[PDB]
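Protein chains in written order, with the entry's author numbering: chain A, 722 to 832; chain B, 17 to 74; chain C, 510 to 764; chain D, 112 to 320, 327 to 346, 353 to 610; chain E, 367 to 440; chain F, 44 to 255. Just so you know, even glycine gets a beta-carbon here, dropped at the ideal spot from N, CA and C. Take a look at the structure set out below.
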Amino acid sequence: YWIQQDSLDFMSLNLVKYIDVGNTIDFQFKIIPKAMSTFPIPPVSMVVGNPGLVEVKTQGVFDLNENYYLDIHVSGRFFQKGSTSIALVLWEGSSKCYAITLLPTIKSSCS
Amino acid sequence: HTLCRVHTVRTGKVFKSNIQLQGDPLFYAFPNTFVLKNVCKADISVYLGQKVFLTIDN
Amino acid sequence: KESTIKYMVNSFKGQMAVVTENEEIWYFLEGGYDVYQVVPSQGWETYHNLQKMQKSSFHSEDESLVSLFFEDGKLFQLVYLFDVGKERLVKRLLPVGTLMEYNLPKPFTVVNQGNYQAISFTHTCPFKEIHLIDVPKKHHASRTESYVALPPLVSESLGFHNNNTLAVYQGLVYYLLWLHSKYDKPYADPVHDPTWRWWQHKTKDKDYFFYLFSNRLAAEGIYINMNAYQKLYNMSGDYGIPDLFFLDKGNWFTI
Amino acid sequence: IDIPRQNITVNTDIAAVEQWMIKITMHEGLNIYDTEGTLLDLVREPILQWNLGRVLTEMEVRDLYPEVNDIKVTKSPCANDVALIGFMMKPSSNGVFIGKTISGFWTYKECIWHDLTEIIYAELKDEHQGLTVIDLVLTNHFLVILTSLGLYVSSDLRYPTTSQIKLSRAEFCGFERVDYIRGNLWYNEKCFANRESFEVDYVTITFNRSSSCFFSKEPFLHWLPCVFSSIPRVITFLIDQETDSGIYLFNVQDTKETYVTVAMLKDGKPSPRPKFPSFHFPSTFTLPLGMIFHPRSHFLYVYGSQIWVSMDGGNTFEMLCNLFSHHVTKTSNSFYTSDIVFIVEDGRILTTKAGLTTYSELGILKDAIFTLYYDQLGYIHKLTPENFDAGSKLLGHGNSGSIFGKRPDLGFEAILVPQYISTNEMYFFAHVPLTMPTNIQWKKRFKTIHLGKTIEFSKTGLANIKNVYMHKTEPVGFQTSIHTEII
Amino acid sequence: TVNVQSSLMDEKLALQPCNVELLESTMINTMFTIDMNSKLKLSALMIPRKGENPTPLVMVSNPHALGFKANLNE
Amino acid sequence: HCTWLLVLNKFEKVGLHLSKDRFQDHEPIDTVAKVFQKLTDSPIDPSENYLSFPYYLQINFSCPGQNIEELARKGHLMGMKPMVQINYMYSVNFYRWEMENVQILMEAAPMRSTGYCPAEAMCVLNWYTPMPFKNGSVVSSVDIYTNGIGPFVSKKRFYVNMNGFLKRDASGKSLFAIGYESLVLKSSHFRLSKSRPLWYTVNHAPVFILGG
Ligand SMILES: *[C@@H]1O[C@H](CO)[C@@H](O[C@@H]2O[C@H](CO)[C@@H](O[C@@H]3O[C@H](CO[C@@H]4O[C@H](CO)[C@@H](O)[C@H](O[C@@H]5O[C@H](CO)[C@@H](O)[C@H](O)[C@@H]5O)[C@@H]4O)[C@@H](O)[C@H](O[C@@H]4O[C@H](CO)[C@@H](O)[C@H](O)[C@@H]4O[C@@H]4O[C@H](CO)[C@@H](O)[C@H](O)[C@@H]4O)[C@@H]3O)[C@H](O)[C@H]2NC(C)=O)[C@H](O)[C@H]1NC(C)=O
Ligand SMILES: *[C@@H]1O[C@H](CO)[C@@H](O[C@@H]2O[C@H](CO)[C@@H](O[C@@H]3O[C@H](CO)[C@@H](O)[C@H](O)[C@@H]3O)[C@H](O)[C@H]2NC(C)=O)[C@H](O)[C@H]1NC(C)=O
Ligand SMILES: *[C@@H]1O[C@H](CO)[C@@H](O[C@@H]2O[C@H](CO)[C@@H](O[C@@H]3O[C@H](CO)[C@@H](O)[C@H](O)[C@@H]3O)[C@H](O)[C@H]2NC(C)=O)[C@H](O)[C@H]1NC(C)=O
Ligand SMILES: *[C@@H]1O[C@H](CO)[C@@H](O[C@@H]2O[C@H](CO)[C@@H](O)[C@H](O)[C@H]2NC(C)=O)[C@H](O)[C@H]1NC(C)=O
Ligand SMILES: *[C@@H]1O[C@H](CO)[C@@H](O)[C@H](O)[C@H]1NC(C)=O
């Protein structure tokens with residue numbers, strides 16, 4: 722697998738994003754499969770740590786070449802602080818790739 | 017045979033035309049041969065060697 | 510000519526199935542002049558054995574075909590399993606593409622690799638792959654009107670919904686469809702998108718309402734979002750060639 | 112190049128700060144030649160300002176080699192490459208020795224060894240033959256040392272006054288040199304670089320043997342029992364900060380029951396009445412040993428004879444490995460690249476990455492005593508007394524297969540029979556010879572490890588395993604099979 | 367007339383195939399002028415071989431007088 | 044791998060009983076005015092009338108080797124929420140009704156069942172959605188798929204069609220008007236019977252019947 726994130730400051734494997742009240746964080750990833758792919762189902766599985774303080778909207782699209790585009794939109798629920806980690810895991814990918822899982826951390830707080 | 021295949025170009029000799037050379041032919045001072053190409057018009061070139069040939073054609 | 514057909518089932522989308530007295534299913538694709546025996550076949554034996562290995566609950570050693578029918582272009586057969594103790598009638602699926610992919614005697618040749626020879630099956634499909642690009646919007650092509658009604662938010666820490674919250678959700682969805690019905694009045698109204706007349710003045714108070722919810726000061730902790738209940742005109746969603754197409758007086762499409 | 116430091120950090124306060132990554136490129140937009148490295152801030156790291164103790168000179172460190180019994184490492188959460196190594200020693204050696212590094216053990220020579228014996232003795236009241244350090248953990252602002260004779264906590268690393276590290280002893284009573292030596296410390300590694308209000312550090316201490330668990334909040338000066346009032356033994360207690368809960372791993376002696384219980388963390392104290400019904404492991408789970416959180420994440424791992432992983436907060440666990448009469452001794456992992464390494468008994472090393480149900484085996488290490496370490500860039504190191512081995516082969520990124528010579532073969536001595544089921548897919552049936560001893564069956568069976576692995580053939584062959592089936596009765600003479608895609 | 371492209375296939379020579387599939391632009395056709403306090407934009411399209419990874423670079427004859435910033439994006 | 048399970052509930056028994064109910068009531072009920080009156084700090088104008096559909100869609104999912112309830116708890120704890128796509132099919136009588144075809148995209152709301160709950164927080168957990176319907180159709184197809192978070196469950200197409208062949212009694216139990224629900228399937232029925240056709244109007248038949 723190959724993970725493409727062309728947006729600057731989102732490229733680093735570990736990243737922490739801050740959300741204020743009513744603010745929203747949007748990002749997009751592309752997955753290029755160097756081989757066959759599990760086409761009916763998306764190649765990325767994602768989980769959230771304390772979904773009670775973060776609402777997540779995910780959109781995924783396949784294309785002609787089987788590349789997978791996903792957009793994640795992260796927003797806070799209401800006025801409280803805490804932190805949650807959303808992990809995006811290539812379940813199909815082997816243990817030999819340099820990057821399999823991505824662990825953004827979303828903080829509701831003063832940046 | 018290998019690499020390139022020879023062919024010779026020879027025109028205007030279909031009848032026994034007899035035009036004698038006028039003046040003294042030029043010769044390139046250096047032992048090695050050289051071909052100087054006009055950069056802009058590819059067809060025009062000068063062969064410098066034992067005898068000097070300036071060809072409008074290639 | 511030895512077999513006799515008991516009945517015929519059609520997909521109305523280019524495929525057809527045939528059931529005989531011997532209880533063997535044949536498949537016909539309207540593109541070709543070929544009928545294929547799907548159920549008594551090598552591929553079906555392979556697929557049935559795989560369903561045994563996976564321990565499927567729909568597959569048993571002894572079963573009787575009750576009937577089969579097409580559901581949205583998929584062949585579903587309802588069958589009575591004679592499992593000891595847990596005998597039951599259930600509707601299973603017949604993936605004919607999978608059955609054809611597993612039919613196994615196929616033209617093959619012995620190719621040569623690195624001082625070794627291996628069995629390379631000879632491809633029969635004229636093309637490696639087929640793709641549809643520049644597809645046309647499914648919802649515009651099929652002329653479908655689509656609404657969205659997301660559930661109201663709750664301030665509960667664990668995020669669960671009470672019965673009253675579900676009642677609020679129920680009433681809001683009802684009112685959305687009620688406006689859908691009342692939009693058919695003859696008079697134009699000033700602004701299109703009927704839900705406008707529902708929100709109207711309240712659209713000026715959203716921040717206030719949101720404030721009362723963020724600090725959990727708002728009534729029963731429910732939050733009713735204006736944008737949650739609305740009719741979507743243009744979205745980029747599921748794609749491919751739509752099933753239905755509608756044409757009117759010389760308008761055209763491309764594939 | 113010459114960069115003023117005010118262009119990077121612009122403040123100088125002793126606080127937990129994250130270590131930077133460096134990428135040298137020929138052209139940033141036209142990224143053509145690039146090199147990866149790190150950058151560390153020496154005026155802000157909390158642990159580096161303090162003086163650890165009496166520095167051991169050369170020819171004095173090596174005298175500890177005949178006496179060393181085990182190796183332990185602290186990771187220094189926010190900024191790696193700042194690890195500390197502790198020697199656990201036999202009762203012959205009367206001291207506490209801890210070494211510190213700055214470059215992540217890339218060079219053995221650049222490791223400074225100190226003896227903190229006198230600092231402990233200053234606050235020590237129970238002298239005995241052996242005082243060697245049992246365990247040590249480095250939090251964001253504090254250091255906790257489980258010494259043989261007691262538990263000690265650093266005063267506070269942010270504010271240095273004494274110019275030498277000052278350790279205060281935390282008190283429990285009735286704990287003999289015997290109870291302290293079987294203790295161990297559990298600490299959820301998280302980076303609090305900017306230290307928001309809600310972020311707290313929790314450390315638990317458990318001693319096999327009036328409860329054996331204890332746990333404590335930020336300053337670790339007041340330790341309270343982590344369970345209140353045929354008795355379950357708390358192997359591990361952990362604090363889930365994200366969902367604000369307490370997670371217990373319970374093992375009941377005299378039976379085989381083992382279960383994880385999650386309880387709401389009411390008022391900072393774990394409540395009774397579990398949050399949601401507790402997950403019970405099978406009776407085949409012989410001896411659990413521990414339970415950890417992968418750093419800066421919410422993945423929960425339970426290890427021992429077997430390895431289980433839990434998505435979410437311990438509601439359900441999926442067994443990713445079973446080990447028969449073998450158990451996982453130590454675990455190592457890195458927040459960067461999310462590598463996970465389990466060191467099993469016999470020296471085998473299992474590897475995985477966080478969130479993956481599938482795992483692999485890296486190889487077998489025969490060193491008598493050793494440990495594995497992961498630095499900031501993800502490079503794996505093997506640490507033994509007198510040897511810090513970085514890898515026989517180096518690569519552009521931090522792969523963790525550098526130490527071992529070559530990847531092992533996962534195969535087994537069995538007979539495979541192949542069967543085409545399509546042009547592109549295939550079966551391999553593994554034959555378990557009739558008359559084979561039941562105790563020998565597993566020697567000739569496919570396992571869970573073979574999922575997602577490739578099958579290779581000496582003559583010409585390559586195919587990818589997509590599913591593993593166990594069927595004892597359906598074919599006679601074959602007990603397992605793999606469904607495979609041909610390449 | 368030697369055809370070097372065909373001669374660079376003798377098995378004795380055993381060369382390696384070109385690692386770039388395509389490298390094209392319309393900049394080659396015309397020359398450009400930069401006046402005082404002026405700048406210009408140039409574009410190229412490049413496609414690599416299926417497996418190889420070629421590294422493109424941009425150079426200028428006179429670095430004292432001309433400065434460039436190049437961006438490669440998929 | 045995993046499969047969805049969808050069941051129809053009543054308004055008066057939303058969480059109490061998890062057994063299936065039949066789509067017998069086709070008239071909206073007005074038992075919602077009270078809660079909307081009770082709701083103040085919300086953009087709800089007292090003038091406008093609010094009443095409810097009967098019935099709910101109860102949704103859970105099952106994966107082999109694990110019981111349903113811990114799977115539902117798991118899916119909730121990982122952040123997954125079902126998405127429901129209800130598509131209506133127009134009636135055949137285009138003289139009376141309109142050919143227009145509508146869709147409605149909703150998201151399921153998690154609810155804990157009203158049981159004992161030995162646990163302090165969570166128990167049996169189910170995702171509920173309103174079941175809406177409109178005048179001029181009797182066939183609706185419901186597509187359920189996850190929102191992309193948590194465990195992956197394949198998109199599943201159900202049909203929630205109106206049942207017009209039922210009748211109420213004095214006791215109030217839904218009993219069939221056509222015949223008696225007094226038989227149990229036996230292996231003897233299907234042992235000697237051959238396959239038979241299933242005949243219906245292709246897209247507009249709500250109810251299937253098989254004889255022979
Ligand atoms: C990853 O790596 C990056 C690398 O830079 C790192 O970024 C740094 O994080 C620091 C957090 O610890 C940031 O510290 C903050 O600095 C503030 C100053 O901001 C000013 O910003 C201007 C424009 O950006 C800039 O011109 C200005 O420059 C200089 O400021 C000096 C004062 O420090 C002054 O002497 C110079 O003349 C010049 O003006 C500054 O950069 C601080 O104001 C801020 O809060 C203060 O903190 C300091 C010490 O912490 C304290 O003395 C002071 O009272 C403030 O503390 C209190 O803050 C709280 C809220 O935080 C309030 O409630 C109180 O009222 C006080 O305000 C803070 O410290 C640093 O700016 C940043 N560097 C860059 C270049 O961005 C990331 O943190 C790293 N991430 C991780 C996860 O590790
Ligand atoms: C998940 O959803 C399914 C279906 O949506 C639920 O299955 C149903 O469970 C109920 C249990 O109350 C079964 O009810 C029946 O009740 C009668 C009367 O007591 C009893 O005699 C029957 O034996 C049975 O218990 C119902 O048959 C069953 N339906 C199906 C299709 O399986 C399931 O309970 C839900 N699980 C969770 C954890 O929410
Ligand atoms: C399909 O359309 C019919 C009629 O267009 C809908 O039924 C109608 O619903 C309204 C609102 O509930 C009823 O208004 C009520 O009138 C009675 C008597 O005037 C009164 O008790 C109420 O206070 C209210 O004013 C109307 O009577 C009723 N019509 C009939 C014939 O029952 C129906 O709800 C629509 N179905 C769906 C699924 O939307
Ligand atoms: C939600 O459930 C509650 C019960 O927990 C319902 O409240 C009951 O309403 C009946 C009305 O006939 C009263 O007799 C009961 O005393 C009420 N229960 C309690 C505990 O007070 C409520 O009606 C339900 N919600 C909706 C919208 O119907
Ligand atoms: C250092 O930062 C200053 C701005 O504070 C900037 O003018 C200068 O160019 C920087 N130095 C380098 C080497 O970039």
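Is the closest heavy atom of ligand 2 to the C-beta of residue i under 8 Å?
| i | result |
| --- | --- |
| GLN101(F) | yes |
| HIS450(D) | no |
| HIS60(F) | yes |
| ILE111(F) | yes |
| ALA115(F) | yes |
Are the beta-carbon atoms of residue i and residue j separated by less than 9 Å?
| i | j | result |
| --- | --- | --- |
| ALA304(D) | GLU147(D) | no |
| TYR742(C) | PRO173(F) | no |
| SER368(D) | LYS398(D) | yes |
| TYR99(F) | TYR171(F) | yes |
| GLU300(D) | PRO418(D) | yes |
At a cut-off of 8 Å, is residue i close to ligand 3 when judged by its beta-carbon and the heavy atoms of the ligand?
| i | result |
| --- | --- |
| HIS632(C) | no |
| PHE636(C) | no |
| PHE373(D) | no |
| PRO188(D) | no |
| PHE176(F) | yes |
| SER690(C) | yes |
| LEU51(F) | no |
Hey, is residue i close to ligand 1, as in C-beta under 8 Å from one of its heavy atoms?
| i | result |
| --- | --- |
| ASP741(A) | no |
| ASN191(D) | no |
| residue 350(D) | No coordinates exist for residue 350(D); the numbering of chain D passes from 346 to 353 with nothing in between. |
Report yes or no: is there a C-beta of chain H within less than 9 Å of the C-beta of residue i?
| i | result |
| --- | --- |
| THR189(F) | The displayed structure is made up of protein chains A, B, C, D, E and F, and chain H is not among them. |
Here's a check: name, in chain order, each residue in its chain whose Cβ is nearer than 6 Å to the Cβ of residue i, leaving out the five neighbours to either side.
| i | result |
| --- | --- |
| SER433(D) | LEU423, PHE440 |
| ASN395(E) | none |
Beta-carbon within less than 7 Å of residue i's beta-carbon, same chain only, minus the 5 sequence neighbours each way: which residues are those?
| i | result |
| --- | --- |
| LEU241(F) | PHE251, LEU253 |
| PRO411(D) | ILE358, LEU372, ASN374, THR381, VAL425, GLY427 |
(message) Please identify, using Cβ separations under 8 Å, the residues of the region 600-614 of chain C that lie next to chain D, in order along the chain.
(response) Cβ contacts with chain D come from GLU610, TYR611, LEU613.
(message) Please enumerate, following chain order, all residues with a beta carbon closer than 6 Å to at least one heavy atom belonging to ligand 5.
(response) Look at which beta carbons fall closer than 6 Å to any heavy atom of ligand 5; those residues are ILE114(D), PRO115(D), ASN118(D).
(request) Below 8 Å between beta carbons is the criterion; list the residues of the region 436-468 of chain D that meet it against any residue of chain A, in chain order. (result) Listed by position, the residues of the region 436-468 of chain D near chain A (Cβ gap below 8 Å) are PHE458, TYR459, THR460, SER461.
(request) Report all residues for which the CB-ligand distance to some heavy atom of ligand 4 is below 6 Å; order them along the chain. (result) Cβ-based neighbours of ligand 4 within the cut-off: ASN672(C), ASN673(C), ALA676(C), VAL78(F).
(request) Note down, in chain order, all residues in the region 218-229 of chain F with a beta-carbon under 9 Å from any beta-carbon belonging to chain D. (result) For the region 218-229 of chain F, the set of positions with a beta-carbon nearer than 9 Å to some beta-carbon of chain D is empty.
(message) So if I threshold CB-CB distances at 8 Å, which residues from the region 659-692 of chain C count as touching chain A?
(response) Close to chain A, meaning a Cβ-Cβ distance shorter than 8 Å, are the following residues of the region 659-692 of chain C: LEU662, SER664, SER666, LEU667, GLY668.
(message) Any C-beta of chain A within less than 7 Å: which residues of the region 723-756 of chain C qualify?
(response) Closer than 7 Å at the C-beta level to chain A, one finds these residues of the region 723-756 of chain C: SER723, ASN724, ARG725.
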